[PDB]
Ligand SMILES: N[C@@H](CCC(=O)O)C(=O)O
Ligand SMILES: N[C@@H](CCC(=O)O)C(=O)O
Ligand SMILES: [Li+]
Ligand SMILES: [Li+]
């Protein structure tokens, strides 16, 4: 029937511009883990689709004042897209307003440092002031710190929320640049999936340190009650069980890694 | 209103008999990760409940001939329990017949050996015949091997399905005993969660080797369409985000580990 509108986000290696994108149109402009996953889910569910990059470049948060959702979550809530296929964390507040598949990838929050930075853990970050640290805006990592009752994470949030200049970034790439350019004086808190990808990219100057701070998952999201949710969830489980999700992770993370 | 009937399974450290169980009655007979999780979910959802150990001691599989489900899955499908709170793997075939929460624990299939056994991987097992290996009956690990199209896992299944004497066991404890007693000539394929627990128990003679073979999760299950599913799923996500699931994992795996 109708073309399914897929909201997604330009986040490497999930969705990236193809080298020759300026000559290409439509879905062919893009490549990556989520582009491949969208093709697999569409094939299993039997729909045609159009990939659309979220206008505001955000994952999704609800404004405390207006109660309005932004980002990909907002695109689903307000009826501007039919499905989100992206590294979108399954969270309580989001689950209350959109539907999610079972997870297609497991992850947790992690620490990225410039190589040689003397930090091995969140506790280490929390006990010093020389090295600044922050998170992405409008996403689940920022919310993790804002809501935590665990002393070390509350201490980190109390620092981050009032730090000057701001420690928060608008995109993962801006966080990576800040780590790379800050001579060891900025560390970035981000999901293990993104951190592990970046560690395999030139110039090979970052690394993931410490254990993950939490354990959670990304899911494919649909507007609440959409008939697409049920077949999409069954497709995710099938792809998981057939080993396809594992093959795609290796393809986009490790197969052409650049750091040895 | 009505007392919720919870089906569960005696699998350490998820549900275990308390030391003084012979003097105790009802839910007080039991302790463990799933006993604590049931209490937390009941508190958040506001129900009273009765823990019941599944009669046949199985997780759940569908008989190819009769199409009848056994185990905890069968208890839900046939209306004998209201909810399953257990280390029950979220799988495609189960998702088609019962509802599941988002996962409360992440895991994958793994290899348990007696210390000193010269095996480091599934590929190693598959390329030799001196060391026998098998899985639990009536569960998701056996089904993983039976359905895999990946050459190494298909080769392992072709061996396991015809091995004599049988390499399959009825309970995890029987698998552990077979590893411990077989002088290095049996290796057991089981979920990483169970393997990591057993590695911390006396006599400290087993170990987990190699990476996990897959990535998946346990969920709380309800009969399809039950009104309990929605609040239970929101409770799982809340407990996840508050760090309670992490606290319970540490409590039952590591806090009183016996092997250093
Ligand atoms: N996956 C996150 C974005 C990344 C982050 O917050 O670190 C989300 O869905 O909000
Ligand atoms: N968690 C598995 C049981 C253990 C196994 O198969 O290794 C299930 O739900 O079937
Ligand atoms: Li939801
Ligand atoms: Li289901």
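Backbone-built Cβ (ideal geometry, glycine too); neighbour counts: all protein chains shown. Just so you know, all these numbers are worked out from the coordinates, no wet-lab data involved.
Assuming 1.306 mPa s and 10 °C, estimate D for the protein assembly as shown with Stokes-Einstein, Rh taken as the Kirkwood radius over Cα pairs, in µm²/s.
Working: Rh = 24.6 Å.
Diffusion coefficient, whole number: 65 µm²/s.
For chain A, the share of DSSP beta bridges that are antiparallel, to the nearest 5, is 65%. Take residue B:5, push a point 7 Å out from Cα through the beta-carbon direction, and compare it with the same point in every other copy: 4.8 nm, smallest first. Placing a label point 7 Å from Cα along the Cα-to-Cβ direction at residue A:238 gives distances to the equivalent points in the other copies of 3.6 nm, listed shortest first. GNM remark for chain B: springs join alpha carbons under 10 Å apart, and the peak mean-square fluctuation among B:216, B:181, B:238 falls on B:181.
Note on segment A:108-216: Cα convex hull, mean projected area over all directions, 6.1 nm². Counting neighbouring Cβ atoms within 10 Å and putting the fewest first, the residues B:170, B:178 line up as B:170, B:178.
Have a look at the DSSP beta bridges in the protein assembly as shown and tell me what percent are antiparallel, nearest 5.
For the protein assembly as shown, the DSSP antiparallel bridge percentage is about 65.
When chain A is treated as a GNM with alpha-carbon contacts under 10 Å, the residue of A:212, A:27, A:233 showing the greatest mean-square fluctuation is A:27. Chain B residue nearest the rotation axis toward A, with distance: B:106, 2 (Cβ to axis, whole Å). Each Cα pair under 8 Å and six or more residues apart adds its separation to the average, and for segment B:104-237 the resulting relative contact order is 44 percent. Counting beta carbons within 10 Å around each of B:205, A:99 and listing the fewest first gives the order B:205, A:99. Placing a label point 7 Å from the Cα of residue B:165 along the Cα-to-Cβ direction, the distances to the matching points in the other copies come to 7.2 nm, shortest first. Structural descriptor for chain A: relative contact order 26 percent, calculated from alpha carbon pairs under 8 angstrom and at least 6 residues apart. For segment B:1-126, the relative contact order is 26 percent, taking Cα pairs closer than 8 Å that sit 6 or more residues apart in sequence and dividing their mean separation by the residue count.
Note on chain A: Cα convex hull, mean projected area over all directions, 14.6 nm².
Starting from the Cα gyration tensor of segment B:1-151, take the square roots of the eigenvalues, sort them a ≥ b ≥ c, and report rounded, prolate or oblate (rounded when a/c is under 1.5, otherwise prolate if a/b is larger than b/c, else oblate). Prolate. Between the C-alpha center of segment A:7-86 and that of segment B:45-101 there is a gap of 36 Å. From least to most packed, judged by other beta carbons within 10 angstrom and beginning with the fewest, A:232, A:54 follow the order A:54, A:232. Within the listed set A:39, A:64, A:84, the Gaussian network model of chain A (springs between alpha-carbon atoms below 10 Å) gives the highest mean-square fluctuation for A:64.
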